[PDB]
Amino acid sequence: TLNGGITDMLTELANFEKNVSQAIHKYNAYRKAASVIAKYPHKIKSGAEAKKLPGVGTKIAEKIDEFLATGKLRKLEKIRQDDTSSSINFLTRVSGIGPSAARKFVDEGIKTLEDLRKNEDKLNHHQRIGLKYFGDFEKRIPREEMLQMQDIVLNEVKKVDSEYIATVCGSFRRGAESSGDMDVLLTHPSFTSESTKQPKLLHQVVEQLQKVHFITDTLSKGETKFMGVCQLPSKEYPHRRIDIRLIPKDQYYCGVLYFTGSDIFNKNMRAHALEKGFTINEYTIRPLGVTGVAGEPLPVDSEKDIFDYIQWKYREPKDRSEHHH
């Protein structure tokens, strides 16, 4: 792991800023720094060298220098000693508990998994499912299991209506040998950007997946997005997070670009669009006017067309992952 110490240091600062400081822009600055340094194909020797990379300024340069000399960072040492900061950071790793709820719980004397399990009545439904499956959701999914999960979802969606098309996106579509969860992009002809012909399009698929006891629990559910829990039939497999996103059929290419990721790739791509005078979301690419307001959607017949508009060399899903050297 080339520059592993520096990238792990910056990831740890990132998590502190998001979870304790609630500084989401400092979080994203530390992650940018970590991603660019992790992609750099040379061992960094000084802070002055790293400063040449985009997202590495004076401050990050000065703690690369410190880390390289001492193999540690006083700031991070002091943060780890802070049992309050440690407990907040930990509680946010539970789904439904974010920086705000985590701080409220720690200030009311909930510092550990045991304390959390005793105070189950303080938790809403989401937080309760997040706690119940905390251990399971920490495990990654082997690709062999993702293929099992893909077979079940495709088959049940087909049985509801053959006109449905389900695409497993996220790290799976980027060709990862393990994934954190299963992300399913769903389309149907009856749902487009300008018309809803059929109601309950996402609900019908979730109900079928619940009927065959694949989906076991619901975190959140609306008209276009489902967030819940699934499990493979035993031959017990761990419980897995599943996201299902229903996208307008005429906006599939913008939808699949978003849901394929990575999260850092999307952020960088959408940031470059703004430089070139475009705004990208999961539905459309729109030009920004003189005002800075979004005009009419531009025509998209492929993922590559979106790249072409912002003058980016097309990257295959495999090349949209984060990498190390």
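Just so we're on the same page, rigid core means the largest C-alpha set that superposes within 1.5 Å between forms. Note that residue numbering begins at 1 and tracks the sequence as displayed.
Comparing the two stretches 280-288 and 56-64 by root mean square C-alpha distance in 8 other deposited structures of this protein, with all structures fitted on the core, the more displaced one is 280-288. Taking 246-254 and 130-138 in turn, the stretch whose Cα atoms are more displaced from the shown form in 8 other deposited structures of this protein following rigid core superposition is 246-254. Of the other compared PDB entries of this protein that include residues on both sides, at least a third leave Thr196 without atoms. Looking at mean Cα B-factors across 157-165 and 89-97, the upper value is held by 157-165. For the pair 108-116 and 239-247, the mean Cα B-factor is higher in 108-116. Of the candidates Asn124, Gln150, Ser234, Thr187, the deposited coordinates give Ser234 the top C-alpha B factor. If you compare the C-alpha temperature factors of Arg128, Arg103, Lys72, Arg174 in the entry, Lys72 comes out highest. Per the deposited record, the Cα B-factor of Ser46 falls in the highest third when ranked against the other modelled residues of its chain. Remark: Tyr314 belongs to the highest third of its chain, ranked by C-alpha B-factor as recorded. In this PDB entry, the Cα temperature factor of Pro287 sits in the top third of its chain's modelled residues, the highest group.
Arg143 sits in the middle third of its chain by CA B factor, as recorded in the PDB entry. The entry lists a Cα temperature factor for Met182 that places it in the lowest third of the chain's modelled residues.
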